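Below, each chain spelled out in residue letters.
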Amino acid sequence: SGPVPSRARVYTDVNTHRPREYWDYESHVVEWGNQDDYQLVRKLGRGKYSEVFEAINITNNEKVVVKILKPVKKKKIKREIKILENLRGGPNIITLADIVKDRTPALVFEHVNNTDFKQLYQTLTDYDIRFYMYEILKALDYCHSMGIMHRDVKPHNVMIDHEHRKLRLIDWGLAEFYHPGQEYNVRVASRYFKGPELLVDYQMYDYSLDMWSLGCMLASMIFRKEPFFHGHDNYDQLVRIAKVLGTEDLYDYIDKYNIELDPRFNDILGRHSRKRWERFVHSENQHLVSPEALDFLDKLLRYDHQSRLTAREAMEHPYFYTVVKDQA
Ligand SMILES: CC(=O)Nc1cc(Nc2cc(NC3CC3)n3ncc(C#N)c3n2)ccc1[C@H]1C[C@@H]1CN
């Protein structure tokens, strides 16, 4: 028989309650600005789907970030644009400032004075991790409440201007609208941030996917172990998770949802006990690890997506008490 269906624990019907124009991105008509308003200054990077530059808006002397797309499905282009426009003004979500035609579109973004990822992560105190985790959660609770899952939460998609304690969750190119009963593509996210639902080919996933990704980020930060789950491929990625979370809870999860496991998996998963978080603790990371951090980490990293904390529940955790107190 087939797998057991699933529904998001929260914000289940937020898109059902909205007019179809809000989420029917295939019918979206792109609003184009003037390409002559922007002059590229320098290259920032490149990927499979884009080339990114720093640019100057010559009408107001504003520094921007220009993402020139490579050949991508028109509906996937419309998807990223629509999600960005729906999330405009949301806390800690990057602003899409404009859209111009380069052949291909170029999305124009708000510029964040990003602190060098490796220079930043080796200076972060216990308070900073808690502070920035809290800021990512504001962005996640917001996009989830607006019926959207990011599906690509990882450190490189988080811009931090540390001097101004400013955080922006970027790159909404893999983001989707959540619809109860919809089966989504599992070939999403970066290997090391892939949820067990993706790895076992469970398609009826939801916002809880971003919470697993967040757990991966938190683990790498507090233990100073990047990446935390270091798989050699998608099959071995699950083996690395099972070596920490144990195979017992993994098979209970497979059983609960009636998941047909790939014959390849049978021989490589083996049998593993659930490890204690204390084995990743050493003299170089102990200042970042506390009983509160571990309790919060355990509640994020669950095989069963329905038993992971929501972004709102995560914000009420004791790990954030001093951050919440200081913000008032
Ligand atoms: C725009 C986006 O989604 N792609 C992407 C982003 C950056 N780099 C930067 C750098 C900064 N600021 C630092 C001072 C220069 N900022 N500030 C705001 C944004 C945005 N959005 C931003 N992007 C570099 C490379 C990529 C893409 C090609 C690679 C594929 N993964």
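So, how was this worked out
- Residues numbered from 1 in each chain as written, not as in the entry; some residues may be left out.
- Heavy atoms only, no water.
- UniProt positions renumbered as here; feature names shortened; annotations may be inferred.
- Helix = DSSP H or I, 4+ residues; strand = E, 2+ residues; numbered from the N terminus.
- Buried < 20%, exposed > 50% of the residue type's maximum accessible area, 1.4 Å probe, protein only.
- Contact = heavy atoms within 4.5 Å.
- Axes fitted to C-alpha atoms, helices over the stretch in contact; angles between N-to-C directions.
- Parallel < 35°, antiparallel > 145°, perpendicular 65-115°, else oblique.
- Left-handed = near helix turned anticlockwise from the far one by under 90°.
- Nonpolar A, V, L, I, M, F, W, Y, C, P; charged D, E, K, R; others polar.
- Near = heavy atom within 4 Å.
- Polar contact = N/O pair within 3.5 Å; in protein donor to acceptor, adjacent residues only side chain to side chain.
- Areas by Shrake-Rupley, 256 points an atom, 1.4 Å probe, with all protein chains shown as cover.

### Digging into the UniProt feature "active site" in the chain
Right, so step 1: Per the UniProt record, the feature "active site" sits at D152.
Right, so step 2: Along the chain, the position of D152 falls in the loop between strand 6 (148–149) and strand 7 (158–161).
Right, so step 3: With relative accessibility at 8%, the residue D152 sits in the buried group.
Right, so step 4: Aside from chain neighbours lying at most four places away, what touches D152 is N157, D171, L174, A189, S190 and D210.

### Some words on the packing of helix 5 (residues 208–223) against helix 9 (residues 291–300)
Right, so step 1: Taken N-terminus to C-terminus, the directions of helix 5 and helix 9 make an angle of 150°; their axes are 9 Å apart at the nearest point. Overall, the two elements helix 5 and helix 9 adopt an arrangement that is roughly antiparallel. Crossing of helix 5 over helix 9 shows left-handed handedness. Contact residues: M211, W212, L214, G215, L218, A219, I222 and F223 in helix 5; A293, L294, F296, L297 and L300 in helix 9.
Right, so step 2: Looking at side-chain class alone, the contact of helix 5 with helix 9 contains 12 nonpolar, 1 polar and no charged residues.

### Regarding the site of the ligand
Right, so step 1: In the vicinity of the ligand, 16 residues are found, and the nearest of them are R46, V52, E110, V112 and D171.
Right, so step 2: A distance of 3.5 Å separates an oxygen atom of the ligand from a polar atom in the side chain of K67.
Right, so step 3: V112 is positioned such that a nitrogen or oxygen atom in its backbone is 2.8 Å from a nitrogen atom of the ligand.
Right, so step 4: In isolation the ligand exposes 630 Å². Once the protein is present, 82% of that is buried.
Right, so step 5: Contributing elements (two or more residues each) for the shell around the ligand: strand 1 (38–46), strand 2 (50–57), strand 3 (62–69) and strand 5 (105–110).
Right, so step 6: Across the shell around the ligand, the residue classes tally to 8 nonpolar, 4 polar and 4 charged.

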